[PDB]
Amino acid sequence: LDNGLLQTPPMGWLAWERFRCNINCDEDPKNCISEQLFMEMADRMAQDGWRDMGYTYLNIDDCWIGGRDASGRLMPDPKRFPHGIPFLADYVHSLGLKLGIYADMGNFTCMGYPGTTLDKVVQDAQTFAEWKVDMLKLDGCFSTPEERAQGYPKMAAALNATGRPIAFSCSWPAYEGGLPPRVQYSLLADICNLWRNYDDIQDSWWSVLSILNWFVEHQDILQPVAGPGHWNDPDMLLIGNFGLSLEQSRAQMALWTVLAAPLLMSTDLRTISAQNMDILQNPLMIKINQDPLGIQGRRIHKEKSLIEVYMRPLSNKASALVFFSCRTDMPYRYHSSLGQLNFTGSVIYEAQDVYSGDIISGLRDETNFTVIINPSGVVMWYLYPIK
């Protein structure tokens, strides 16, 4: 979407994966979807390095809406958002952050809150701009394919007409199977800054693998369509939560990075471990995710040993390599060379291991190397030519 926004993938925090539709503030005031939750997460983003490392969006998901007023104007739940959305936008902006919100192109949101029907698209866009929202995720429950086909472009046009830059995250393709012929990716790129292609992530490794598999199976279609201002979105990061081991957490971060994915966390920043913080705040990892060329990577090799290799092209003739072990036994000593991974010519390279920081220098195409990859884990290199 040619609105000047998200020339690199968005980074931030989104409520949904970890906090879901918890509206029981009487019994669970610390974890319910409320003004307080968003304010506390904003404070953590401002104080604990997140904003400074690039995590700038703080996004509200489903279950925020209270009703519509006598003029049809959307309102938040008055008990859980007592000061209203402008207050929250203004608070988040005071901290150098951006505020995302959520609506559904349909009769109801997925959890049954008031929907943004076709006759409300313009009014709701105007309301969000007036509130000084910076991003909108538009979900697709409770609509027909024909409604979505009218509604997603209508919303893009309506947001534009407000005059406020609002990053536009579109769930449209996920409701239509994610693939041609039903999904037109050239159209999506013109109307959306990013789109959810596929199934909701859940807090499990099986879920990450399911998503990674679908993205790799369809990479010939998906890889070319991503670039500055228009991203594929394989859904939120699980790092900090319950289902992923340490190796798996590191793998998700590396693979999302090689895929030029959004880095949208969804975890309790108030209690996040040092180890998980260190994964998410890895400066080189973030540099790679945010590479200005915005070229999505692809799986380039899959071996009978169950080691997979991903490669992402980067600026200044650099590359990212992810060596990923699908094995479920023990560490594996993977032997390769840059020549076997389709680096050609007479270039000499240097690599930095993204997680260890160690430097491997003087790699020619014919130079044999070994990387030790743990099960359900990765080794990631930032590779560049040297003199």
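Heads up, when I say rigid core I mean the largest set of C-alphas that superpose within 1.5 Å between the two forms. Residues carry their position along the shown sequence, with the first being 1.
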Stretch farther from the shown model on average in 6 other deposited structures of this protein, with CA RMS computed after core superposition (42-50, 343-351): 343-351
Residue range whose averaged C-alpha B-factor is higher in the record, 333-341 or 52-60: 333-341
Stretch with the greater mean C-alpha B-factor as recorded in the entry, comparing 69-77 against 181-189: 181-189
Member of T162, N241, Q290, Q202 with the greatest C-alpha B factor (per the PDB record): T162
Peak C-alpha temperature factor (PDB record), options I85, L237, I300, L259: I300
For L383, the third of its chain into which the C-alpha B factor falls: highest
Third of the chain, ranked by Cα B-factor, where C32 sits: middle
Chain-relative CA temperature factor third for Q150: highest
Within-chain third of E308 by Cα B-factor, per the entry: middle
Among modelled residues of the same chain, the CA temperature factor third for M45: middle
